[PDB]
Amino acid sequence: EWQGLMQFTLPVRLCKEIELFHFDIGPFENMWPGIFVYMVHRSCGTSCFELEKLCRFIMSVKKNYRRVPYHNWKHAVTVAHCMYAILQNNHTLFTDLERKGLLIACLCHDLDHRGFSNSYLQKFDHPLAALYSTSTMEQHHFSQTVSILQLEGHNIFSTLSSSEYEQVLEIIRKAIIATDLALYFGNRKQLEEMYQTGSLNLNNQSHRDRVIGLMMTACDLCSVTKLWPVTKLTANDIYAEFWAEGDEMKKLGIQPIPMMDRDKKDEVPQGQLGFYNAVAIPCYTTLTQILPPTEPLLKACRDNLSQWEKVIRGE
Ligand SMILES: O=c1c(OCCN2CCn3c2nc2ccccc23)cn(CC2CC2)nc1-c1ccnn1-c1ccccc1
Ligand SMILES: [Mg+2]
Ligand SMILES: [Zn+2]
């Protein structure tokens, strides 16, 4: 498997398309691992990682994604692609160390997801909630990443100094934890404050950390930035997972919230429209302000918002 990954070369017809923000990995399933390799080589360089070690890692990350409806291997690579697209359009702003870290972080950010939110795990006293009190899945996601790296021949960061090793793991850690949506709101609030006051400074490390976290949220939610046919289909996978969690609450004789209730299916468009307005639009708006080149993400999100409006209005 990993041996065949080393031999892979991306088709020429996709060389330009992959650079686009709205690129869908959808039709190219068996290429997803190589697509990641491609993005790493172009963004970090071919001399960045040992090829064999990188291929082992990717395949192990792959297998450690469960067959859940949404929080799966496809979502891992999709997010990793948005990160690539963001990094490619802001080539100067991010350090060599940040580029490696972020692409890996995105690929691993949902490692071994079960399809349950943190709320579910904490409410029903799951062992992971017993372990990680806050940002439950996210800490497990990072924990799984460290485990995969500590496997033999999987340590891709072995050619980096002890100091560079502890830096990149912290970059990954902060970035995976930043994918907790609960933390996004506070983060985006502070960022807008710093923008309008003009106190945003990318020399300041904690300001870098905030921007990266927003980038994470942006890359994580990037299903709302694809062409409508793709966005719509992915919305199905998201709700399939929401409802399965709701079903597990129903099995205990507990009514879930309408979002996780499949008997409330009809309100999905209005649910999306609100989510777009409250969460997605402000996310990409603030990101576009911070990184003008990422503007095609906001634009695409605007387009899907109006599609949802048309769904509600019946058009
Ligand atoms: O699509 C999303 C979404 O839709 C729900 C909209 N709502 C609100 C009330 N309500 C809705 N549908 C309803 C239908 C009926 C009734 C009330 C309803 C909500 N959330 C946030 C979720 C709480 C973690 N995230 C995404 C999203 C977009 C892209 N990735 N991604 C994501 C992020 C993290 C985790 C999973 C998915
Ligand atoms: Mg997650
Ligand atoms: Zn995610």
# chains A, B, ... in the order shown; residues from 1 in each chain; ligands from 1

call {"tool": "residues_near_ligand", "arguments": {"ligand": "ligand 3", "cutoff": "8 Å", "atoms": "only C-alpha atoms and all ligand atoms", "output": "PyMOL selection string"}}
result
chain A and resi 71+75-76+79+106+109-110+179+220-221

call {"tool": "residues_near_ligand", "arguments": {"ligand": "ligand 2", "cutoff": "12 Å", "atoms": "only C-alpha atoms and all ligand atoms", "output": "PyMOL selection string"}}
result
chain A and resi 65+70-72+75-76+79+105-118+135-142+175-183+216-217+219-221+238

call {"tool": "residues_around", "arguments": {"residues": "region 2-6 of chain A", "least_positions_apart": "2", "cutoff": "6 Å", "atoms": "only C-alpha atoms", "output": "PyMOL selection string"}}
result
chain A and resi 8+55-56

call {"tool": "residues_around", "arguments": {"residues": "residue 84 (chain A)", "least_positions_apart": "4", "cutoff": "9 Å", "atoms": "only C-alpha atoms", "output": "PyMOL selection string"}}
result
chain A and resi 19+21+39-40+43+79-80+88-89+99+102-103

call {"tool": "residues_near_ligand", "arguments": {"ligand": "ligand 1", "cutoff": "8 Å", "atoms": "only C-alpha atoms and all ligand atoms", "output": "PyMOL selection string"}}
result
chain A and resi 70-71+117+180-181+220-224+235+238-239+241-242+257-262+264-275+280

call {"tool": "atom_distance", "arguments": {"atom1": "CA of residue 225 (chain A)", "atom2": "CA of residue 303 (chain A)"}}
result
8.4 Å

call {"tool": "atom_distance", "arguments": {"atom1": "CA of residue 306 (chain A)", "atom2": "CA of residue 246 (chain A)"}}
result
28.1 Å

call {"tool": "residues_around", "arguments": {"residues": "region 189-203 of chain A", "least_positions_apart": "6", "cutoff": "12 Å", "atoms": "only C-alpha atoms", "output": "VMD selection string"}}
result
chain A and resid 92 to 95 183 209 to 215 279 282 to 291

call {"tool": "select_by_dssp", "arguments": {"residues": "region 43-267 of chain A", "states": "alpha helix (DSSP H)", "output": "ChimeraX atom specification"}}
result
/A:43-44,51-63,73-88,96-108,118-123,127-131,136-149,162-177,181-197,205-220,228-250

call {"tool": "atom_distance", "arguments": {"atom1": "CA of residue 148 (chain A)", "atom2": "CA of residue 77 (chain A)"}}
result
16.9 Å

call {"tool": "closest_atom_pairs", "arguments": {"of": "region 33-147 of chain A", "to": "region 154-161 of chain A", "cutoff": "9 Å", "atoms": "only C-alpha atoms", "output": "CSV"}}
result
residue,atom,partner,partner_atom,distance
A:48,CA,A:159,CA,8.9
A:49,CA,A:156,CA,6.1
A:50,CA,A:156,CA,6.8
A:51,CA,A:156,CA,8.9
A:52,CA,A:154,CA,8.7
A:53,CA,A:154,CA,5.2
A:54,CA,A:156,CA,5.9
A:55,CA,A:154,CA,8.4
A:56,CA,A:154,CA,5.9
A:57,CA,A:154,CA,5.1
A:58,CA,A:154,CA,8.9
A:60,CA,A:154,CA,8.6

call {"tool": "residues_around", "arguments": {"residues": "residue 254 (chain A)", "least_positions_apart": "4", "cutoff": "12 Å", "atoms": "only C-alpha atoms", "output": "CSV table (one decimal) with N, CA, C and O atoms, in the first residue's frame"}}
result
chain,number,residue,atom,x,y,z
A,120,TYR,N,-21.7,15.2,23.6
A,120,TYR,CA,-22.2,13.9,23.8
A,120,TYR,C,-21.3,13.1,24.7
A,120,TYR,O,-21.8,12.4,25.7
A,123,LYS,N,-21.6,14.5,28.4
A,123,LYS,CA,-22.9,14.3,28.9
A,123,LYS,C,-23.1,12.8,29.3
A,123,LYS,O,-23.7,12.5,30.4
A,124,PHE,N,-22.6,11.9,28.5
A,124,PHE,CA,-22.7,10.5,28.7
A,124,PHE,C,-21.5,9.8,29.3
A,124,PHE,O,-21.3,8.6,29.2
A,245,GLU,N,-25.9,10.6,16.1
A,245,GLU,CA,-25.7,11.0,17.5
A,245,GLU,C,-27.0,11.2,18.2
A,245,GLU,O,-27.2,10.9,19.4
A,246,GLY,N,-27.9,11.9,17.5
A,246,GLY,CA,-29.3,12.1,18.0
A,246,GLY,C,-30.0,10.8,18.2
A,246,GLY,O,-30.8,10.6,19.2
A,247,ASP,N,-29.8,9.8,17.3
A,247,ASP,CA,-30.4,8.5,17.5
A,247,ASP,C,-29.9,7.8,18.7
A,247,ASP,O,-30.7,7.1,19.4
A,248,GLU,N,-28.6,8.0,19.1
A,248,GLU,CA,-28.0,7.4,20.3
A,248,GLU,C,-28.6,8.0,21.5
A,248,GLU,O,-28.6,7.4,22.6
A,249,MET,N,-29.1,9.2,21.4
A,249,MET,CA,-29.7,9.9,22.5
A,249,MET,C,-31.2,9.4,22.6
A,249,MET,O,-31.7,9.2,23.7
A,250,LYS,N,-31.8,9.2,21.5
A,250,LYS,CA,-33.1,8.6,21.4
A,250,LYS,C,-33.2,7.2,22.0
A,250,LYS,O,-34.2,6.8,22.6
A,260,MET,N,-30.0,17.6,15.8
A,260,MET,CA,-29.6,16.2,15.8
A,260,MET,C,-30.8,15.3,15.7
A,260,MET,O,-30.6,14.1,15.7
A,261,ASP,N,-32.0,15.9,15.6
A,261,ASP,CA,-33.2,15.1,15.4
A,261,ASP,C,-33.5,15.0,13.9
A,261,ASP,O,-33.7,16.0,13.2
